[PDB]
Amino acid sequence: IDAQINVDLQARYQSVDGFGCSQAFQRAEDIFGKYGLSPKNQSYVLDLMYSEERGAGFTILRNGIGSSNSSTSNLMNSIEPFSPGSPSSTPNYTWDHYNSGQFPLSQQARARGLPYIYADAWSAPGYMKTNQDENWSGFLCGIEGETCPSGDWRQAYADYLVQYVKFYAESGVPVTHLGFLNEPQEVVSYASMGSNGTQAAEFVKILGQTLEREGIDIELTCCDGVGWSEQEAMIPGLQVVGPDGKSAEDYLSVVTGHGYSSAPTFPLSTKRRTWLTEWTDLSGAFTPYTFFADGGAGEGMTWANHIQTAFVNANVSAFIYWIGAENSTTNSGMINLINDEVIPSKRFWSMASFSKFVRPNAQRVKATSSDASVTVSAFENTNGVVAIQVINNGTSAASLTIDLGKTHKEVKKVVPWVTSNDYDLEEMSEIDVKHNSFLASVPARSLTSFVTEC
């Protein structure tokens, strides 16, 4: 079919912080050879994830603030594993320069140019909660409606999160973003802690005011809701103005949600930047080579479309997959490790196509398609490089006319990068741009990134 694409760089929307993943629950250790990954492939995996030149150039790493009093199973151990006795008692903090592999990972990401580290707690330690357990949800003692005999642990949890941040900064790795909940809706056998919008809002202000007293500059986030509409449901709570004249929203830099219980397909009703902070296929299926087959949950194109929809329809500034690389034959990670073997999925190459060319502080700009089989997004980088992502979900190749409209300079060359059943992230021959317009074919069932050269 013939499709006209029109890009208007004068119609500008949200800014981009970028793309990344987590290595939480000891999956950092997989990248560092726990299951036999060779030194060559450890370096290769870190290059795929964090090198702009050789891989995806991911700009966000989401690390877990461990709540556990051991490192058995897949547990993330805490800097304050055992009760100090009472909320006012002196904490016994312990720093291992490790954080379940996440500390060295952070160093090696940063060494390759990673700007943003997002530290997120799944739970306060057990002894700070109503149920005296890091597991099975429960509430931080002292938040509205949730008293405990042992007293009020709110300030203690804020001081604990700040201590985690200081250990990182004093070891040469500043944390840029901090969250204190993960999926507060979920009652599960692993690290988890509940709260509604009002309870979340109450702690945002305590944590915010605590970081101001300590003179620590960091971006606060909430609430990593299990789904987008679950996060939406908490935002009015975060927007309630208390007698102090402030909302939790006044302290937040970023509102965060997951895609599991509902996908980012509409804009959250906050004035802050929004991030999709966790999403993957948890079916247990294994589809590393499939860009398109039947629209399965683990397919390359499914994730190409999740990403494009999140930016174009859900107005996000970042997209963070769940696990980057893990020793498994499931779709829960983007890169499958099989002992000393690296298999990057089409889900990874889809993320890489966006991340490689849509760099931090890029602005999303208007892009329209004359045919629904061909979906488009466009971003302008701060250096002026325009990156246009085109998903052709046609059963046949699409002949595109792409019109960049009025630009700052003039555009003379554009380079296509293709992802499909046949290609990972394949650089094609440059295309001549005449009067800020060019012709291009895109294959059936493909993602193409068109990147302007100078």
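One-based numbering along the sequence shown.
Averaged over CA atoms, B-factors in the entry run higher in 89-97 than in the other of 89-97 and 158-166.
Comparing the deposited coordinates for 306-314 and 135-143, the stretch with the larger average C-alpha B-factor is 135-143.
Residue-level inspection of the entry shows that, of 179, 288, 225, 264, 288 has the top Cα B-factor. In the deposited coordinates, the residue among 389, 63, 396, 419 with the greatest CA B-factor is 396. In the deposited entry, the Cα temperature factor of residue 274 sits in the bottom third of values across the chain's modelled residues. Placement of the Cα temperature factor of residue 45 within the chain: lowest third of the modelled residues, per the deposited record. Annotation for residue 431: CA B-factor lies in the highest third of the chain's modelled residues.
In the deposited entry, the Cα temperature factor of residue 447 places it in the lowest third of its chain's modelled residues.
Ranked against the other modelled residues of its chain, the C-alpha B-factor of residue 13 as given in the entry falls in the middle third.
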